[PDB]
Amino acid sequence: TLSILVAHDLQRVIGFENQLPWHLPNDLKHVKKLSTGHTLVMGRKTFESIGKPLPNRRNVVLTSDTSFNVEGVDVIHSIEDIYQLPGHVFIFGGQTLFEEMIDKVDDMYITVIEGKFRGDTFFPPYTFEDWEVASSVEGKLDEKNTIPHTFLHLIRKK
């Protein structure tokens, strides 16, 4: 499978100043669940944001930089390289990757953050005319997760 994995808010903000605008442990545990044992593909800036590879899965960074060679990370240098990765591949960010891949992926795992944040990076617009809701699960609120949020699994129609 080729999947998108993304959290975006009511206006499709994904980012601010190279960070997530929200603090939401549950969603990061969501990410852990989904992608552990599989492969994440991410652009260089996103990799730089996270700082190092995520444990217990394959980390692939897409970059133009041929100097790039990082302990625990596989480098690719074209979009086309994605399609030769074995396994369940998650497109993991950021704006540029999402824009490039959204028409290409089988399905999307979206966490809708039910707020409006200040952002400088965005998920591309999409229509539910194009995308079937395989599931929609309200995330649980509590002391440490205080933003309402919904896990969507969408699958391309037709």
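One-based numbering along the sequence shown.
- Set 140 to 148 against 8 to 16 and average the Cα temperature factors; 140 to 148 ends up higher.
- Within the selection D120, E48, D107, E114, the deposited Cα B-factor values reach their highest point at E48.
- Ranked by C-alpha B-factor against the other modelled residues of its chain, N26 falls in the middle third.
- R156: CA B factor lies in the middle third for its chain, per the PDB record.
- Ranked by C-alpha B-factor against the other modelled residues of its chain, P124 falls in the lowest third.
- In the PDB entry, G43 places in the middle third of its chain by CA B-factor.
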